[PDB]
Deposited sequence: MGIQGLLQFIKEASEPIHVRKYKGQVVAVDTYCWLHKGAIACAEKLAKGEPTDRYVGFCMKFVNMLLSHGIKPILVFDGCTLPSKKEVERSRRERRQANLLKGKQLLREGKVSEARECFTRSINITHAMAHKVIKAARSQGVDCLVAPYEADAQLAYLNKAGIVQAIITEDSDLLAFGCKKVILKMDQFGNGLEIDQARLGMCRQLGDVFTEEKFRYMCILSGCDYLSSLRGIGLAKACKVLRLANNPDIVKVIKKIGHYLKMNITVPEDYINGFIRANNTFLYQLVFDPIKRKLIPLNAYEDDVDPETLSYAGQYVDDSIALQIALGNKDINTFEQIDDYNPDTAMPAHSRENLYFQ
């Protein structure tokens, strides 16, 4: 995600405990729990051997949140966004290597170094995620599989008032316009919360605490959607936005060499890349739990054209979207693997 964002705005953070959300609703990026739980049993998962330690690992977190009187909404990743469809695969292959290498590193005796090999080959499948989903439903905990990336979905759940805070390890949530993000939370409840409103507590941030400018900064610094121009980090991007008296971001990016007083040349496809990135942060498709409909993260502004935003996710039928969201329909094969019905007993 946004490389080095947390340290950049550490002044806006605060050590908290989950009890401050007792009697309120919190959405969870379940992937972090799934991964941290999968580390404990990477060996069995790599060899294909049966294991389910990650289920219990997630469930102790769930039971903790429930013990402190909090209503958790588990959120999962869905279809891979086209913008990263290569990237993920570019990661995928590497995992395979760390499998083929890893096992061979066990043939040389080095099990200590094979640890890092098998732990860097972990692939969180939809099956494992669904096992966790069943394990959560058995405890009466609502779940929700995002149409695509879970970040946008969580951001929506928080900006809609459905949840008050979001538990995750990804800082990208901030660039999506999240209000309250709880980072680094152990199995006991000790966490680190960052609020959007308190982004002004960061001196080096300047006046770049507004959501739009902050987003521009995050994108310009380098993200999953668009690699940053070489030599551009959070600081110099922030400086560009501070020295800019211009609302139109395109002309500003074209004048980056003027704002940084450097010889920076901007490729004309990088402009389009920035536009696509911004449109992805703004209008990535998410699922509305209440209205049961595929909607963009934010309402389409008048200046944008929804017909040209396929890279931000494609629309499907709202019923199918519902079946995906409930985790009944497989992300890949589009086949029914379950039949949960919330009616016959999040979705008001």
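Undergrad: Counting from 1 along the deposited sequence, which stretches lack C-alpha positions?
TA: Deposited residues absent from the model fall in 1, 347-354, 358.
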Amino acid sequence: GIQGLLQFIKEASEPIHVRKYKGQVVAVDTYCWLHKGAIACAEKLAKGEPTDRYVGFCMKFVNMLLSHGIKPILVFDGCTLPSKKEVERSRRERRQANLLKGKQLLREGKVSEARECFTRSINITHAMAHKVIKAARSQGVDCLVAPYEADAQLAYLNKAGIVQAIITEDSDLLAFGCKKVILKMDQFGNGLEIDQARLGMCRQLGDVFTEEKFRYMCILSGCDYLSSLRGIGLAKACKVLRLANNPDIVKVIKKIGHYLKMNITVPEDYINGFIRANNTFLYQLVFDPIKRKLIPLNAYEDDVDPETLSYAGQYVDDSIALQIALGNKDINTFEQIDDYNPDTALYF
From here on, numbers count along this sequence of modelled residues.
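Only the largest set of C-alpha atoms that superpose within 1.5 Å between the two forms is called the rigid core.
Undergrad: Is 233-241 or 84-92 the stretch whose C-alphas end up farther from this model in 6 other deposited structures of this protein after a rigid core fit?
TA: Higher average C-alpha offset in 6 other deposited structures of this protein goes to 84-92.
Undergrad: With the rigid core as the fit anchor, does 15-23 or 330-338 show bigger C-alpha shifts in 6 other deposited structures of this protein?
TA: Per-stretch check in 6 other deposited structures of this protein: the more divergent one is 330-338.
Undergrad: 244-252 versus 130-138: which one carries the higher mean Cα B factor per the record?
TA: Between 244-252 and 130-138, it is 244-252 that shows the higher mean C-alpha B-factor.
Undergrad: Taking only the CA atoms, which stretch has the higher mean B-factor in the record, 234-242 or 152-160?
TA: Mean C-alpha B-factor is greater for 234-242.
Undergrad: Name the residue from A277, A146, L106, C143 with the greatest C-alpha temperature factor listed in the entry.
TA: Answer for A277, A146, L106, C143: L106, with the highest C-alpha B-factor.
Undergrad: Of the options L173, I73, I194, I264, which has the highest CA B factor as deposited?
TA: Comparing C-alpha B-factors across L173, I73, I194, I264, the maximum falls on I264.
Undergrad: Ranking the modelled residues of this chain by C-alpha B-factor as given in the entry, is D318 in the lowest, middle or highest third?
TA: Ranked within chain, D318 CA B lands in the middle tercile.
Undergrad: For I39, return the chain-relative third of its C-alpha B-factor as stated in the PDB record: lowest, middle or highest.
TA: For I39, the deposited C-alpha B-factor lands in the highest third.
Undergrad: Could you place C32 in the lowest, middle or highest third of its chain by Cα temperature factor, using the values in the record?
TA: Answer is middle: the recorded C-alpha B-factor places it there.
Undergrad: Sorting by Cα B-factor within the chain, modelled residues only, which third would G56 end up in: lowest, middle or highest?
TA: Its C-alpha B-factor, which the entry lists for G56, ranks in the middle third among residues of this chain.
Undergrad: In terms of the CA temperature factor given in the entry, to which third of its chain does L183 belong: lowest, middle or highest?
TA: Bottom third by C-alpha B-factor.
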